[PDB]
Structures are given as C-alpha cells and as structure tokens.
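Next up: a single chain in structure tokens, the form deposited in one PDB entry.
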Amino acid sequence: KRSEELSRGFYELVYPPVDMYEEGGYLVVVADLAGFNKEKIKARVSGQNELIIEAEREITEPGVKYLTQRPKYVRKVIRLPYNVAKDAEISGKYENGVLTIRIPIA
C-alpha cells in the first residue's frame, strides 16, 4: 500500500485511464496518455469488438531514483460494447497528452 511500492508494473496494468462513449454513430475513446511520441502510439481494432492501444517510450532519469511509477510501455485492451464494422477504420488525435480515437459504428 506504500507509494514507493507502487511500481511501473502496477501502473502498466491500469494505464492509460480511458473513457468510452457513443456519439453521432461513433464509439469515442479518450485516453490520458501523457508523454509519448505520437509515432509510437498504435491503436487497432482486432476482430469486430476489440480496441488495442499500444505505446512505448524511453525514460532515462539520472541521479538517484526515489519513485519510478511512469510506465515505459502501455498495452490497453478495450472491449467495444458491440461489433464495429469488421473493417471500420479508425481516426486518432493526440493533443495535450490526450489520445482521442473515433471508430465508426456504421
């Protein structure tokens, strides 16, 4: 329960936090994913009902490390509420550390 005991590994299992809602015929997924290179963020729908968000970064921090919680790697699987066009392509934007993915349901 100690804060120094909450590790990068712990955070990988819960990170990034994500909201998902339906709007105007799209499933919208918003993730707080601060501190990544946009080109190292991958999102894909596998099957018809599964969004996978993957990301990686290098973290190099000098000096003596007292806390190390920020995940170097991220892989978040999100079950969509229902099938999305088997091959419905997705759009994504990354701003202020927030990744927004829109997936057409149509």
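Take the two forms, superpose them, and find the largest set of C-alpha atoms that agree within 1.5 Å; that set is the rigid core. So that there is no doubt, residue numbering starts at 1 and follows the sequence shown.
Omitted from view is the form solved in complex with a partner chain, to which the following refers.
Novice: Evaluate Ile90 for contact with its partner chain in the deposited complex, applying a 4.5 angstroms cut-off between non-hydrogen atoms, and reply yes or no.
Specialist: Yes, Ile90 is a contact residue.
Novice: Can any non-hydrogen atom of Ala43 be found within 4.5 angstroms of its partner chain in the deposited complex?
Specialist: The answer is yes: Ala43 has a heavy atom within 4.5 Å of its partner chain.
Novice: Is there any non-hydrogen atom of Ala55 lying within 4.5 Å of its partner chain in the deposited complex?
Specialist: No - in the deposited complex, heavy atoms of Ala55 and its partner chain never come within 4.5 Å of each other.
Novice: Indicate whether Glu95 shows a C-alpha shift of 2 Å or more between the shown form and the other one, with the rigid core used for the fit.
Specialist: No; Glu95 is a residue whose C-alpha shifts by less than 2 Å between the shown form and the other one when the cores are overlaid.
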